[PDB]
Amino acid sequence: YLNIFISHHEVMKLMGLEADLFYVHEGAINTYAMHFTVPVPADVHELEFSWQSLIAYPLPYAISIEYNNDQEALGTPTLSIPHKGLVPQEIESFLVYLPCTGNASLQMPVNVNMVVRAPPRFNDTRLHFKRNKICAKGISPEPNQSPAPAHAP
């Protein structure tokens, strides 16, 4: 009833291979793949997840993040979607932003927790995505709002 996967482009960005990876396929969790800790290079500033509900019954989701607050190398992770809502019935993708400050070099765990509530005939999908974020000094995401020369009137 539920697909959760990372696309070909996401696997190429993260790992350099041409493949996709379904972490959940029609409700079945890829427990083997969930064991792995995926490294996130210094120059990768976001993780992209893709998902799709395969039924009409509403699928509530909840997303939480695990990371050490108390350091100077990684800024606060954010989402491109609300941390709670419904899983879409068309394939959609969302981002977990992992913005390294560029003011420090460091490796650290960042884990993404997801819970998708199931209709009563199935069991909830509980996921613990393990990632190890690399940060490097002088490597940080660029802003997309561009500067403009300014002077006083």
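Don't overthink the numbering: it's just position in the shown sequence, from 1.
Novice: With respect to the recorded C-alpha B factors, which stretch has the higher mean value, 62-70 or 86-94?
Specialist: Higher mean C-alpha B-factor in the PDB entry: 62-70.
Novice: Between 13-21 and 141-149, which has the larger average Cα B-factor in the PDB entry?
Specialist: According to the entry, 141-149 carries the higher average C-alpha B-factor.
Novice: Can you pull the Cα B-factors for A33, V40, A104, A28 from the entry and say which is highest?
Specialist: Top of the list by C-alpha B-factor: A104.
Novice: Could you say whether, by C-alpha temperature factor, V112 belongs to the lowest, middle or highest third of its chain?
Specialist: Its C-alpha B-factor belongs to the middle third of this chain's values.
Novice: Against its chain's modelled residues, does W51's Cα B factor rank lowest, middle or highest third?
Specialist: Bottom third by C-alpha B-factor.
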